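Undergrad: no sequence for this one, just the structure:
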């Protein structure tokens, strides 16, 4: 459930970026994409901590 | 009249050599490779989403080349995964190179001990799932360890 | 003290001719399935090339129908491939079912041997790596193979032989 | 279509009609596909749209303004004009603001409701 909440947040961020991908310049798009990538990496770290080969499972 | 002993393969491996540190380093490298595979999967998914977003503006010709590029990336990730984590190669080959000479030496020492002392069965307790209880008196691992240490 | 015997299931399966022949026939069937998959691939590629060659002369509707037909053919090929060679497909299920009668016969023979010779435990040496060193004196695999061959090459006794057997076995009363 | 039908059955009339198409009435695409000459004939998407898309990508919205302004009517008569209108709307939105983008999207939806570009306009 926690991972699903994180996925919902990441999908909301992706949709928010998508709804303005055809309006703003390239620098804002790149910054938002880097933020999305950072969020996805945080999700991957959380998944590896919880369900990973060593820890919390 | 039936003589039974047992060995602990993990205990012998840890005692004779620095197996634990090398195994931990290999595990860290394998985890790094797995994270790289996950990053490649994320990049592929992002490329697929970007292609899906832009389809009307395309001529179906750049769509074809983008699909071929996505397929090439997927195949590259798949072959990288097979090379690193195949049943033979770069993880299994590394683990084999780590633990095979000592395993063969332990097997030879066990056979020599069995022939000399007329053992009937020598069990491997290293699985820890079978062989739940062992008397620890029918334990020949110190002999195996001393035979291994005798060889330089 | 306990008496321990053991078999080697891989060795027994290697020394059964009918099992090897059935495995070879299964491999031949798998090769035929692979050839059928290749034929499906050839048809799919021919359809794709035909669509590509005359893609300019077709309307949007016709292009859509041709693309849907190609996608249907590709999905059918994928379904056939997964059904025949999947992890639980026809090939794997048929491979797993080949040794079941041999396993039944081996189990019965092992029960009978352990009853005859006072064995307390009979292990399958090839099931796992727990058995590191096993003395060959306690390997009953060759006895099981002899039993399996004996039942495979059974022969019905003649009327004279049957009468002699009845007379011999009826001598107790 | 008669050429294809006669190619499947009775190829003599197929060859006759193929020669008729090739020599009497050389089509834009039909003539050079019947004899399989080449892709030399300039297509709508390949021309002034696959490189116009490059201009759109490379952040060059000054020349492409008038380019789309005269190419929206220069290349009328094919489904490409819907993509041209969509590109014009996207450029106008990127250089003017949200209202221009909305006006372009609704104009594209009105002009070509029965197209993939029309569905794109409706969804966005």
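TA: On my side now, so go ahead. Numbers count the residues shown, from 1 in each chain, chains lettered A, B, ... in the order given.
Undergrad: And the residue nearest the centre of chain D?
TA: residue D:80 (2.7 Å; Cα atoms, centre = their mean).
Undergrad: how close does that one get to residue D:50?
TA: 11 Å (Cβ to Cβ, to the nearest Å). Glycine gets a C-beta too; all of them are placed from N, C-alpha and C.
Undergrad: Which secondary structure element is home to residue A:15?
TA: With elements taken from DSSP states H and E, the one containing residue A:15 is helix A:2-18.
Undergrad: Next, see if that helix gets close to chain D.
TA: No - using Cβ under 8 Å from any Cβ of the partner chain, helix A:2-18 stays clear of chain D, coming no nearer than 10.0 Å.
Undergrad: Same question for the helix or strand that that helix is followed by: list its buried residues.
TA: Following helix A:2-18 in sequence order, the next helix or strand is helix A:26-50 (DSSP H and E). For helix A:26-50, the neighbour count (16 or more other Cβ atoms under 10 Å in any protein chain shown) marks A:32, A:36, A:40, A:43, A:48 as buried.
Undergrad: who touches the last one in this structure?
TA: Yep, that's residue A:48 we're talking about. Contact partners of residue A:48, counting by Cβ atoms under 8 Å, 6 or more residues apart in numbering or on different chains, are A:55, B:35.
Undergrad: any idea how far residue B:57 is from it?
TA: Taken as Cβ to Cβ, the span from residue A:48 to residue B:57 is 38 Å.
Undergrad: Now for residue D:44, how many residues are close by?
TA: For residue D:44, the neighbour count with other Cβ atoms under 10 Å in any protein chain shown is 17.
Undergrad: Let me see the contact set for the residue lying closest to it once chain neighbours are set aside.
TA: Once flanking residues are discounted, residue D:44 sits nearest to residue D:80: 4.1 Å by Cβ to Cβ, 6 or more residues apart in numbering or on different chains. Taking Cβ under 8 Å, 6+ apart, we find residue D:80 in contact with D:44, D:45, D:49.
Undergrad: how about the first one, what does it touch?
TA: Read that as residue D:44. By Cβ under 8 Å, 6+ apart, residue D:44 lies in contact with D:75, D:78, D:79, D:80.
Undergrad: Kindly list the longest helix within chain D.
TA: When chain D is parsed with DSSP state H, its longest helix is helix D:80-95.
Undergrad: buried ones in that one?
TA: For helix D:80-95, burial by neighbour count (16+ other Cβ under 10 Å) applies to D:80-94.
Undergrad: do stretch A:11-30 as well
TA: The neighbour-count check on stretch A:11-30 (16+ other Cβ under 10 Å) flags A:14, A:17, A:22 as buried.
Undergrad: so, in contact with chain B or not, that stretch?
TA: Yes - residues of stretch A:11-30 contacting chain B under Cβ under 8 Å from any Cβ: A:14, A:18, A:21.
Undergrad: ranges for the helices of chain D?
TA: Assignment of helices within chain D using DSSP H yields the ranges D:2-8, D:11-23, D:30-34, D:52-57, D:63-74, D:80-95, D:98-111, D:116-123.
Undergrad: Figure out which of these is closest to residue D:40.
TA: helix D:30-34 (7.2 Å; Cβ to Cβ).
Undergrad: Run through the neighbouring helices and strands of the closest one.
TA: Using 3 or more Cβ pairs under 8 Å, 6 or more residues apart in numbering or on different chains; DSSP states H and E, the elements in contact with helix D:30-34 are helix D:11-23.
Undergrad: what's the burial count for residue 9?
TA: By default, I'm working from chain A. By the other Cβ under 10 Å criterion, the neighbourhood of residue A:9 contains 12 residues.
Undergrad: nope, chain D please
TA: By the measure other Cβ under 10 Å, the count of residues near residue D:9 is 8.
Undergrad: ok, it to residue C:32 distance?
TA: From residue D:9 to residue C:32 the distance is 34 Å (Cβ to Cβ).
Undergrad: most packed of the helices of chain D?
TA: Comparing the helices of chain D by mean neighbour count (mean count of other Cβ atoms under 10 Å in any protein chain shown), helix D:80-95 comes out on top with a mean of 21.
Undergrad: tilt between that helix and helix D:98-111?
TA: 170 degrees (axes from the mean of the first three to the mean of the last three Cα atoms, to 10 degrees).
Undergrad: If anything else comes up later, I'll come back, but that's it for now.
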